[PDB]
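Here we start with a single chain on its own, the form deposited in one PDB entry, put down as C-alpha cells.
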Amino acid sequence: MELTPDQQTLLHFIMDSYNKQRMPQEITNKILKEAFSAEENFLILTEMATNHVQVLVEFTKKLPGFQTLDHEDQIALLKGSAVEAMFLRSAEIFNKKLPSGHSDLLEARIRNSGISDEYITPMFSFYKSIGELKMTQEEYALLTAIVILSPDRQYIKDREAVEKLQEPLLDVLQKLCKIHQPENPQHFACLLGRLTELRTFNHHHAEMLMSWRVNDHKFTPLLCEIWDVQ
C-alpha cells in the first residue's frame, strides 16, 4: 500500500531532476507584465520551448535505466514525447496558484497570443481538465517520466526494455493516488486517460505552430529536430 524505501528513493530523485526546469513564476511574470504582439509571442514560445527541450533531455538521461537503452530508441523516445511533455508543463504552469485576478489575465494573454482560434478551445479544455485533477508536483513529475518512457512510441525497436523502465514509475504513481486520494478511486486512471489528449496535440503540433498569426515561422535548429517543422 505504502511506498517501499526503494520507491521513496525513486520519487525523491525524480522530483529533484524535475525541479531543474524554468520556474513557473519566471514564465507567468513575463506574460502578465505586458501585452506583446503575435510576432513577439511566437519568439517567446520558441525561446521557452528550446529551453524546455534542453532541460527535458537532462531530466530524461537521469531516468533510471534510460542511458542503458539502445541509442536509436533513446532518440525515438525524446522525439515522441517532447511536445507532450511541453503541453503537460504548460498545463502545470497554467494551473499554478496566482494572486486575485492574475489567472484571468494569464488566460486572456494566452487566448490573444497569436494561436489560431481552432486550437485555443482544445488547449484550454485540456488545461482546465488538468486543473480539476489538482495534481501535486510529484504527480506532474511522474506523469512526465511515464510520457517519456512510452513503449508504444513510433520506431522503438525494443519495447520490452522501455516497458521495464516505465513500470516502476507507474507503480509509484498508482500508490501515491491511493494514499493521497482514497476519496477519488479513479484518480490514477484519470491521470493516464489525460495522456490520450496529449497524444492528439502531438499529432497536430506542426499545424498548430504553422497556423500562428505571424508572417514568418522561424524555429531554432534544436526545435527543427525535435518538432515536424521547416
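A residue's number is simply how far along the shown sequence it sits, counting from 1. What we label the rigid core is the largest C-alpha set whose atoms superpose within 1.5 Å from one form to the other.
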Stretch exceeding the other in mean C-alpha B-factor - 61-69, 164-172: 61-69
Mean C-alpha temperature factor, higher of 153-161 and 119-127: 153-161
Criterion, highest CA B-factor; candidates, 52, 187, 30, 199: 30
Residue 100 CA temperature factor, ranked by third within the chain: highest
Assigned third (lowest, middle, highest) for the C-alpha B factor of residue 181: highest
Chain third (lowest, middle, highest) by recorded CA B-factor, residue given as residue 39: middle
CA B-factor placement of residue 214, once the chain's modelled residues are sorted into thirds: highest
CA B-factor ranking of residue 203, expressed as a third of its chain: highest
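Below, we turn to the form deposited in another entry, even though it does not appear here.
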Comparing forms between this form and the one not shown after core superposition, the one residue of 115, 146, 78, 133 displaced by 2 Å or more at CA: 115
Displaced residue check between this form and the one not shown: residue 31, CA, 2 Å or over, core reference: yes
Rigid core superposition, residue 158 Cα moves 2 angstroms or more between this form and the one not shown: no
Comparison of CA distance in the other entry with shown form for residue 25, residue 143, at least 3 Å: farther
Pairwise C-alpha change, residue 26 versus residue 194, in the other entry against this form - closer or farther, 3 angstroms or more: farther
